[PDB]
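Enquirer: Attaching a single structure in structure tokens format; questions to follow.
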Amino acid sequence: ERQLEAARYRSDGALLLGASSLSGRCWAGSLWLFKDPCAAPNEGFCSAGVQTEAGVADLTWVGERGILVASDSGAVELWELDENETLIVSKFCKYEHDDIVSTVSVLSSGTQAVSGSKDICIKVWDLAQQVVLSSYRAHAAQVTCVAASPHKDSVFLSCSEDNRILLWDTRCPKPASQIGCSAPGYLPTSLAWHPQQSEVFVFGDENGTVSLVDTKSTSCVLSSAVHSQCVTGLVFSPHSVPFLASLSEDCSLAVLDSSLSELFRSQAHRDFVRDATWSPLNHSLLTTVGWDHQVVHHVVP
Amino acid sequence: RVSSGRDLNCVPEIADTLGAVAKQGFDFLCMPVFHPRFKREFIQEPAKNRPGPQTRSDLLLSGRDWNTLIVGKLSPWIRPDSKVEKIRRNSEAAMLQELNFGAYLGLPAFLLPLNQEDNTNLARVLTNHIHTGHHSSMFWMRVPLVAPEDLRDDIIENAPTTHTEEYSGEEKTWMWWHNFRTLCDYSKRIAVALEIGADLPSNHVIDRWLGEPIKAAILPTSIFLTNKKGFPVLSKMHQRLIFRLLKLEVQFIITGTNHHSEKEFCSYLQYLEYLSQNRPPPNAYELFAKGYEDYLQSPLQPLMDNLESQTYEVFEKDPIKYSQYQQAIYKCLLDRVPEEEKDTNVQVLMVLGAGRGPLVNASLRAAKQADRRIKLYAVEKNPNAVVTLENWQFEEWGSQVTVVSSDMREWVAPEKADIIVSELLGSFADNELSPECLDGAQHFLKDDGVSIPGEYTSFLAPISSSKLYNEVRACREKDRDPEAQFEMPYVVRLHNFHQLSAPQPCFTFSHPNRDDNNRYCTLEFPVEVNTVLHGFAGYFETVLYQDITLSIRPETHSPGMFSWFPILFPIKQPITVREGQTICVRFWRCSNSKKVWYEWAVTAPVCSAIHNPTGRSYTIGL
Amino acid sequence: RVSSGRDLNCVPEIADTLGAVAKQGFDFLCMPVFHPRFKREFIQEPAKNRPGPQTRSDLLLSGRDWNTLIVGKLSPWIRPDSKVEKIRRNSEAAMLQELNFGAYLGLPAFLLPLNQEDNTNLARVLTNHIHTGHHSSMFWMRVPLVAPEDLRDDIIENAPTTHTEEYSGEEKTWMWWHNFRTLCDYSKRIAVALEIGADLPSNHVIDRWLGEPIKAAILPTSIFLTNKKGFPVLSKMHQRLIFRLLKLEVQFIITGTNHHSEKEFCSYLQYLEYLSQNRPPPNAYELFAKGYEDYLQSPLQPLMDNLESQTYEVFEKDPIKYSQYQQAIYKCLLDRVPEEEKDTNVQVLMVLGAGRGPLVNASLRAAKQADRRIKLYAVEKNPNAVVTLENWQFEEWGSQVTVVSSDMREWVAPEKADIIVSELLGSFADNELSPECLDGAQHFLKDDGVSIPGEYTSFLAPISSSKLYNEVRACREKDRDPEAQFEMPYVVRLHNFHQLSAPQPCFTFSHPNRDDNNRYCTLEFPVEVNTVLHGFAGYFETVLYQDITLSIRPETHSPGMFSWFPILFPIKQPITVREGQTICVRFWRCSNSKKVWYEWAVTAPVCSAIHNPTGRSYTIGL
Amino acid sequence: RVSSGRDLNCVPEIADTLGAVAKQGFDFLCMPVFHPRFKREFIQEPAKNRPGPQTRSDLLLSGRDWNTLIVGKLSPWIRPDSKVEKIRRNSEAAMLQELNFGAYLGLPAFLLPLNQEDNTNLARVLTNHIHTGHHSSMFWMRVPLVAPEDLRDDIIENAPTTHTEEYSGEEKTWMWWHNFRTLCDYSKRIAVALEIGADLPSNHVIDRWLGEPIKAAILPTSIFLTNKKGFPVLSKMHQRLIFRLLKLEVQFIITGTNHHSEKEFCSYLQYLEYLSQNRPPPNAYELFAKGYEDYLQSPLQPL
Ligand SMILES: Cn1nccc1Cc1ccc2c(c1)CCN([C@@H]1CCN(C(=O)c3ccnc(NC4CCC4)c3)C[C@H]1O)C2
Ligand SMILES: Cn1nccc1Cc1ccc2c(c1)CCN([C@@H]1CCN(C(=O)c3ccnc(NC4CCC4)c3)C[C@H]1O)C2
Ligand SMILES: CSC[C@H]1O[C@@H](n2cnc3c(N)ncnc32)[C@H](O)[C@@H]1O
Ligand SMILES: CSC[C@H]1O[C@@H](n2cnc3c(N)ncnc32)[C@H](O)[C@@H]1O
Ligand SMILES: [Cl-]
Ligand SMILES: [Cl-]
Ligand code: NA
Ligand code: NA
Ligand code: NA
Ligand code: NA
Ligand code: NA
Ligand code: NA
Ligand code: NA
Ligand code: NA
Ligand code: NA
């Protein structure tokens, strides 16, 4: 499949690639694993791969051998990496959403996950039992992004085309809370929790602005115009003082400091930049995938 | 039974997918024609120059399959009313691309959503596409019965769902459609695909969609209640809505994934099939009227024009009408001449407009049912019909019936009449000029003479039908006033419409007229809904004799009588009527020596133009 | 097989009579609706007040039987053009009565004779009746192929039948029809029931009836020769006439009594059935063209408009056209690169307007039939078609074909072309703007480069079709010039028409143009018949390469090629052309930067208006 | 200077009367074409068959005088929107008679009042008359700037004049005109003869009449303040309104009798003349633009 959607480095340094055919006779998807990262995207030099019945919209590692997929079919499916890691088999494929599943995120436990579909619903999953615990119709439009709290199961972020960013806490009887800047700006698209502050996150909008949010202060401390077009992804580095990688439909990668100042930029991609993942082995090395079927490896100064 | 389709947003193999939904039992498929997530750049490099192909080939199906089975769907990323200039421009170029590719495949219909209040640019781009060559393709606007914002779970702590009723607020979804179709200038290519949520709104919100061009009704799998066995079913209130939609003959679309996993997808269709097979099976009136629904017709003028043979044929077979005319004569014969006078007293009885003589026959049956002697005259101006009578007079009746080949206003009679029996009523009582005809025939009625009918009264009711408003607007003809079509009444079995007030009486006439025929009547119609006035439905009642009556007034409608459909008085420009306001309509009956015509105007809540001034658009010949 | 009727002037029992002719095998019955001899007075007493009935009842048949089986006949005593004032007035009142009674029964058609030269009043009364409400009824005018005066036995001693030829005199029967239909203003409700006598006239008299609206052909039993067995048959020249009428799909009427008494009346029908079953059974072209006969169509503009998927589909299945395009490339590859250079020399080959790529495929077949290497470019401006190519490029072709999604006038090419192969011809050669397109693509052709096609030439021929003139006149639309329909060309399979001269060449274009595209051409067409000019049929020929050609020029027409039907350039007012006279037509090709259009005028034997001046009625978009 | 007319409801000798108003200095005369009090029956005997003549002869003036000098006036008894069926029918027949007699004389304009809210039947009868052959005649609808009900003296004890502001209520006079002209389908033959009372309303009521086809402005003699000398004058706010109307180039009509008895009737015209001669005399733009006012033109395409 030409169009690469997801790219995530596992702890040991293996590269998981989610892909889909968004044009041509067949509109299916696939999941690969690359133990040699400088081999990608070339299928001929991979460790394992499998074909899904439909395209993948979002992807996440469930620990070390689990792969949770958000399908066009309206299914959330968990694929199991083999005992040898040479074969990827379906554990559950649950048709619970009524439209494309667009976003997934595993909760801090790794025993539960939350999904966001274009059917406007957010659902909480039990990966052990393979059933839905909660079904939340909070939003009034397509659920764009859902980001699990790094260290709390009951807490997670979500944003939608209804222009709402919801802070969730399933411990509460009314779990959702609207939080953002002073005025209602352009629509939120990407969400990344800060790895060390449990109470701050960054949201990228559709106008190319990346904003740093404090949940406690409920007011936007600083924003910046990073991209010329929509911000499709935001991923933090594993560094002690972390870098922020920002993805966009302007086909450009950007890496920013704590105050969202431009330190790096790459025009390497000729189509949209879909996902970014930092090397756990070499923190200066950041890996992007795009719809141009490129798997570019970046050195960050 | 039910014509139904499947809505999918995921199609891996168009071949396998379409083969599966047809196997499931669906008649057609609503799918994307470009992959929903395949966002495309038209302006900014380098995404601008993305190598193709841009979608899957037209070779993957036959032209017949594209023509019959496939409904297109606008990619959900396409937002022409985005707040971002760049996303607007991309969405503009993208929308034209998807619509133009739809037209390339020759798709019967293409789906576009109404998600938000402001779909102005969406309307402009679609309007642009529609005026790109005269190309017959339908555009199903996807509108929810309740907006997603107003059915969201009350689970946002710092923004709760209001526990108060906003009468107009709960109808906002209709103003979405109204504002859109108004911007597109009431295009016959733009219809409603009404989407029905888990919890219905108030009836006034549902009633809001009467008279609107609903082509499809979308039923998500989520709104189906599970029963004891496991089958999907719908609530009693959902069934009501489905029954009303089956009368409008909509195509039912099933969206969403299967939640009744232990069943085939036909389980949903099986229920719709079961529902439509268990509707009440009327009727005397309805089954005879099946085909004429919202079909506009010129009002017949039996005076100015000679009616055709087949026209007569179909209107002498209404047993209710002639049962009533028989009984009317039956009772008049008894009341006029006593029992002891039965053999001595013969009643000179005159049928004025006898055509092929079903009233002459009615007069004979009534006579030897009441057991009284009668002398018949069959006055008929239509010389073609006179041939039928004189053949029937020679063969059957005899000298009891004198067939007169004359106009009743002209005919110099040998003797005065005991009863004048006539049949000159139209859909609006007096629109076939019964008053003028009988007035001219009145002089040869005996001083103590009866007229059957003795009385008739016309009724008006304000209606809402954007559907019927379109049909009138489409009646523009070359070589006449561009708006002439609005300034004339149409006979029509009003079907997809909304009656906005209880019918009230307009004009009454009595015979004999022991006292002119010009009239002026002001009506005030209390309206208890937000709506759009498109015209006035006209009905009538008539007193044949005493308690024996005929009516097409829906309240008091004569059972299974197909002789008259209602009349429709259109208006040029629809008038917005807000809940509580009064519709004030004005009706004139105007005439000179040659023509009779109606003029009419709305004076509240807004003034319309006076329609058909001086009969410039419409006259009825004397 | 043959739809046929029986003509009777005697009907005792309409029930028995109609039951007999249906049993005989006829599809319908031509009868009187009043007894032919029952003359009726409307003015002078005492006959004025004749007791009815005036004819037999409409009750004697079902409305269906009247609607399908019965053709009316004007009583033969009715003479509206009598020299007697009284007989005129009676005939006027009588004709309206018979026509109005025809309309009452809802008869599919009603027969009226053209017996004499002066049928002016007859035309006026029928015209009056036609403009008495818009009522769809046909009027078959009974006209003889030869007038009864000009086939009478030479048995009057003091008045002999002239033994000289009067060319125009023997066509007087046509001037009867022409003068009548002209007075009635070319009513689509007025057609010819041509009556065929025992002895046919000269072909020029028979040819005179080409392009005329013949609905019926009347065959009296007298004209049938008896054979050895006893069966009725017709002369070889009568058979020819019947075969020509069967192509026009006329209804055959049998009049007169049975002269082959030892046979059932089906004997006559059996022969017609036998005849129509033994016509030649063409064709490749004809069977594919069956349905499009005299059907007007707007000329497609593949440049200004994007062609639909199904449009492409039906025009990639013409094996003759692509056989010729394959062979054209086949021979060009051999002529350009020698045998010893076959593996070294690869020919850069460019398909300009590739659509779904039947010419790309033709270029591949030609390459490995001639055994030469080629580099393909598939330039296509239609982005919907580009999807089909890029899908086909990825799946099948490979990097041999570079699919270019551009206009050929705009595309900046990587390398110059050895052969530019194109498909941009219309029914009139250049009407789809092949010249302008290839001119803009010429700069990237190699200095020694070939164009396929190298040459094309448009042909014009004057035609007579009152039928096709009616069809154009009926294309008047609201909100444009009332005569706009006459000032634009139509694509049409010209069927009921008469070619008045041999096609002559109009405009030629060569590619590459080693030298503007505006043209002015005067043609002189020698006409050897009396006739009426209604427009000019347009055809074309093209040189793809050397001796390999395509043509829809009827003389040189490519066998069984359905890709193009002929074009029709109408004229506002028909021009009378007398035998010997020359039709002088003028054709301009006009253009600015935005539009290309044709202007045309007739300058002999009469001047027409210049049609489509400044493209006001019709332009072709650049 | 100002084109002005005299409104009279009393004309004994059309000859003497018209000769007097022209001598007074007026350009035309608004008069009744039937005696205002001469009520006429069309249905019920014996008044139905009242011997003629029904009005004074067309011979009493030249066709030129009728064409230029005479504006007709609908007899005040004619009430087509009366609550009485009989008075409606008489008023219908009577209105057609007066309008048709107006058209017979070839009058440049004919005056009809908008007195009440419901003038529906009045609009219908006028619409009927307008679509009786394409005949170029103007219909000046007499509308008051303030309705007589809303300027009545506060002297009815058990029904006082409301001491509150009704923004829309004070504009009801405009809805009278709007509803009328809308019913008549925006006929170019139907214009406003705006009648100006003693006390002007709020500006928003006056502003309401911008963009409306005002052909005449009616000034009753009562609204004219007397000055030291004895001459009639108008308040500064009345002058403003007159100045705005002079830009619209309206014809000024003087109705009512002379209250400045020690002066000729020209005293009123003399003031209008004085006013229009003492307007600001712009402009660079205005004088160059004089002739192009509300004149539609296709936008030039120099390319
Ligand atoms: C046989 N004979 N002979 C003498 C008298 C008659 C009976 C007769 C002579 C004229 C008429 C009548 C009956 C009934 C009423 N007509 C008019 C017929 C169309 N009008 C409609 O309203 C109307 C339209 C279309 N369809 C309709 N009904 C459908 C349901 C299947 C038939 C009704 C308007 C009405 O006044 C006049
Ligand atoms: C598939 N592909 N893909 C790429 C190229 C093509 C082939 C192609 C692309 C356009 C065209 C062609 C062929 C042939 C000719 N077209 C036009 C078609 C209508 N024109 C007619 O004259 C005409 C009307 C109606 N019926 C006709 N024939 C009937 C007999 C059954 C079909 C012909 C005018 C002509 O220029 C343009
Ligand atoms: C049954 S519809 C009324 C019938 O009465 C006839 N009719 C209508 N008006 C008149 C009239 N003025 N005099 C006589 N017959 C009439 C019509 O031709 C029709 O057949
Ligand atoms: C087969 S008909 C000719 C084909 O060529 C394409 N065509 C017409 N004009 C041009 C042009 N100027 N450039 C490229 N393609 C063209 C049309 O879209 C059609 O598919
Ligand atoms: Cl009913
Ligand atoms: Cl041929
Ligand atoms: Na369909
Ligand atoms: Na409108
Ligand atoms: Na009239
Ligand atoms: Na008319
Ligand atoms: Na026939
Ligand atoms: Na002509
Ligand atoms: Na031009
Ligand atoms: Na044009
Ligand atoms: Na004047």
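Order determines the names: the first chain of the structure tokens is A, the second B, and so forth; residues in each chain are numbered 1 upward, and ligands are numbered 1 upward as they are shown.
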Tell me which protein, DNA and RNA residues are within 7 Å of region 516-528 of chain C, counting only C-alpha atoms, leaving out same-chain ones fewer than 3 positions away, and put them as an NGL selection string.
Expert: :C and (500-501 or 506 or 579-591)
Enquirer: Would you kindly return, as a PyMOL selection string, each protein, DNA or RNA residue with an atom no farther than 9 Å from any atom of residue 493 (chain C), considering only C-alpha atoms and excluding same-chain residues fewer than 5 positions away?
Expert: chain C and resi 289+292-296+565-567
Enquirer: Compute the set of protein, DNA and RNA residues whose minimum atom distance to ligand 5 is at most 8 Å, using only C-alpha atoms and all ligand atoms, and state it as an mmCIF file with N, CA and C atoms, in the first residue's frame.
Expert:
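Writing the result to out-v2.cif gives the following:
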data_model
loop_
_atom_site.group_PDB
_atom_site.id
_atom_site.type_symbol
_atom_site.label_atom_id
_atom_site.label_comp_id
_atom_site.auth_asym_id
_atom_site.auth_seq_id
_atom_site.Cartn_x
_atom_site.Cartn_y
_atom_site.Cartn_z
ATOM 1 N N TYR B 285 -61.170 5.661 -1.678
ATOM 2 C CA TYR B 285 -60.702 6.950 -2.256
ATOM 3 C C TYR B 285 -59.242 6.832 -2.715
ATOM 4 N N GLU B 286 -58.369 6.329 -1.835
ATOM 5 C CA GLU B 286 -56.886 6.325 -1.989
ATOM 6 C C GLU B 286 -56.460 5.446 -3.173
ATOM 7 N N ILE B 552 -66.129 17.146 -0.432
ATOM 8 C CA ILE B 552 -64.697 16.739 -0.544
ATOM 9 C C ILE B 552 -63.885 17.490 0.519
ATOM 10 N N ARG B 553 -64.567 18.225 1.405
ATOM 11 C CA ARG B 553 -63.990 18.824 2.639
ATOM 12 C C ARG B 553 -63.451 17.680 3.494
ATOM 13 N N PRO B 554 -62.118 17.584 3.719
ATOM 14 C CA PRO B 554 -61.519 16.380 4.301
ATOM 15 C C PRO B 554 -62.228 15.902 5.577
ATOM 16 N N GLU B 555 -62.650 16.841 6.432
ATOM 17 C CA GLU B 555 -63.348 16.564 7.718
ATOM 18 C C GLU B 555 -64.633 15.771 7.445
ATOM 19 N N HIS B 557 -65.751 14.596 4.370
ATOM 20 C CA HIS B 557 -65.588 14.035 3.001
ATOM 21 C C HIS B 557 -66.543 12.853 2.810
ATOM 22 N N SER B 558 -67.341 12.882 1.737
ATOM 23 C CA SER B 558 -68.247 11.782 1.313
ATOM 24 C C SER B 558 -67.424 10.509 1.123
ATOM 25 N N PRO B 559 -67.795 9.371 1.757
ATOM 26 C CA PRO B 559 -66.938 8.184 1.773
ATOM 27 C C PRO B 559 -66.704 7.580 0.378
ATOM 28 N N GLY B 560 -65.435 7.501 -0.036
ATOM 29 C CA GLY B 560 -64.983 6.856 -1.286
ATOM 30 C C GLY B 560 -65.538 7.523 -2.535
#
Enquirer: For residue 73 (chain C), work out the shell of residues within 6 Å, counting only C-alpha atoms and skipping chain neighbours fewer than 4 positions away, then give it as a PyMOL selection string.
Expert: chain C and resi 31-32+110-111
Enquirer: Store the residues picked out above, limited to N, CA and C atoms, as a PDB file, in the first residue's frame.
Expert:
ATOM      1  N   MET C  31     -63.414   4.108 -40.958  1.00  0.00           N
ATOM      2  CA  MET C  31     -64.881   4.101 -41.214  1.00  0.00           C
ATOM      3  C   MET C  31     -65.429   5.525 -41.148  1.00  0.00           C
ATOM      4  N   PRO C  32     -66.661   5.762 -41.654  1.00  0.00           N
ATOM      5  CA  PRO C  32     -67.381   7.010 -41.401  1.00  0.00           C
ATOM      6  C   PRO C  32     -67.943   7.041 -39.971  1.00  0.00           C
ATOM      7  N   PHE C 110     -58.004  10.920 -38.054  1.00  0.00           N
ATOM      8  CA  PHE C 110     -59.229  11.241 -38.837  1.00  0.00           C
ATOM      9  C   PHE C 110     -58.810  11.582 -40.275  1.00  0.00           C
ATOM     10  N   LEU C 111     -59.424  10.935 -41.277  1.00  0.00           N
ATOM     11  CA  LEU C 111     -59.061  11.052 -42.722  1.00  0.00           C
ATOM     12  C   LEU C 111     -59.838  12.201 -43.375  1.00  0.00           C
TER      13      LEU C 111
END
Enquirer: Kindly provide, as a list in words, the residues of chain B having any atom no farther than 8 Å from an atom of chain C, counting only C-alpha atoms.
Expert: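 That gives the following set of residues: residues 52, 53, 54, 55, 56, 57, 58, 59, 63, 100, 101, 103, 104, 105, 106, 306, 307, 308, 309, 310, 384, 386, 387, 388, 390, 391, 477 and 478 of chain B.
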Enquirer: Where does DSSP see helix (DSSP H, G or I) in region 95-342 of chain C, if you list the residues as a PyMOL selection string?
Expert: chain C and resi 95-105+120-130+148-150+169-183+203-207+221-223+236-247+266-276+284-289+309-314+319-336
